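One chain comes next, on its own, written out as structure tokens in the form deposited in one PDB entry.
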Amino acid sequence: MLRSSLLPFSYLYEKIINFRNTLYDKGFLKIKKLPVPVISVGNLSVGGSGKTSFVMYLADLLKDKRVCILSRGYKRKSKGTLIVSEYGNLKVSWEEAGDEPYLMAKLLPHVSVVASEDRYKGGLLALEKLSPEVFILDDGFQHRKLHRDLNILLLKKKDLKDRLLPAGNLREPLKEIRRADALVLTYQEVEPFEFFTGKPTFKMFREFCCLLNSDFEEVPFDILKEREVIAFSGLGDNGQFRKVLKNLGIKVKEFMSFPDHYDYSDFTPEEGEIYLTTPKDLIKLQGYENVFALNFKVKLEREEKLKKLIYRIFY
């Protein structure tokens, strides 16, 4: 009675997406090649992805290499190509980087981050200024103009039952799973599933580790014992965030929901209280030393097989 009113747009959208993908499939559009290895991390749908967690996990597997993330930076205060971070050191504000590349940079203290709609051009600037040994595309599955040596696709169980935008959340039809070199089957900790394609496949679990402080440093969740917290969220994470806090058994004396565009210009915390919020909110509250986010770690099955795939792209 409403969502079905969106299906006409979905059928149209499918024609457009399929046509573009056919052009790349058949060599009608140029695929550019950077002179160092490129690993893409991506998914098929809008919505919670685990992509951010996986990028952090992957960058850690490559801790022995000079790594640069090539991020889109969809909405920024600056355009073109922008070095957001030089091996952990932020060079711009979130306002200028966009919330996404800035958050990624804060979550990766030894890695460079470059924001550029055109990932190839971002790669060239990085090669010139940062001399990376490997690039990771965060959210790069659809960016077919840039060759990747290892195309990693994250899939959650919900994706397999979903539909193309705007009727559903899929950015591309499920047949495009064929482009993946490796599949990562996500959210196993709450919606476990199997999916056989013949491709190298890795189940991903995320498990609660500890807290992130406002300097984005890891700290024990011990600090929460015998303390009630005030929790808050700067968007619809209201539902999600509240659930996670409950399932973890964290005692929340109060919850506050803010506008999703909130830049926390008017945020006024109380001395002596402890606050919990999301990492996306936390980036706007650095320096408030009584404000924390939850930190989860990726646990991946057959990790050594993934390490082997990664190793082989350096030849």
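Whichever C-alpha set is largest while still superposing within 1.5 Å between the two forms counts as the rigid core. Numbers for residues come from their place in the sequence shown, where the first is 1.
There is another form of the same protein, the form deposited in another entry; it is not shown, and what comes next is about it.
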Which residue, chosen from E217, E128, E133, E194, moves its CA by 2 Å or more between this form and the one not shown under a rigid core superposition? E217
Explain in one word, closer or farther, how the Cα atoms of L235 and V111 are placed in the other entry relative to this form, where the distance changes by 3 Å or more. closer
In the other entry the CA atoms of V114 and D215, compared with here and shifted by at least 3 Å, lie farther
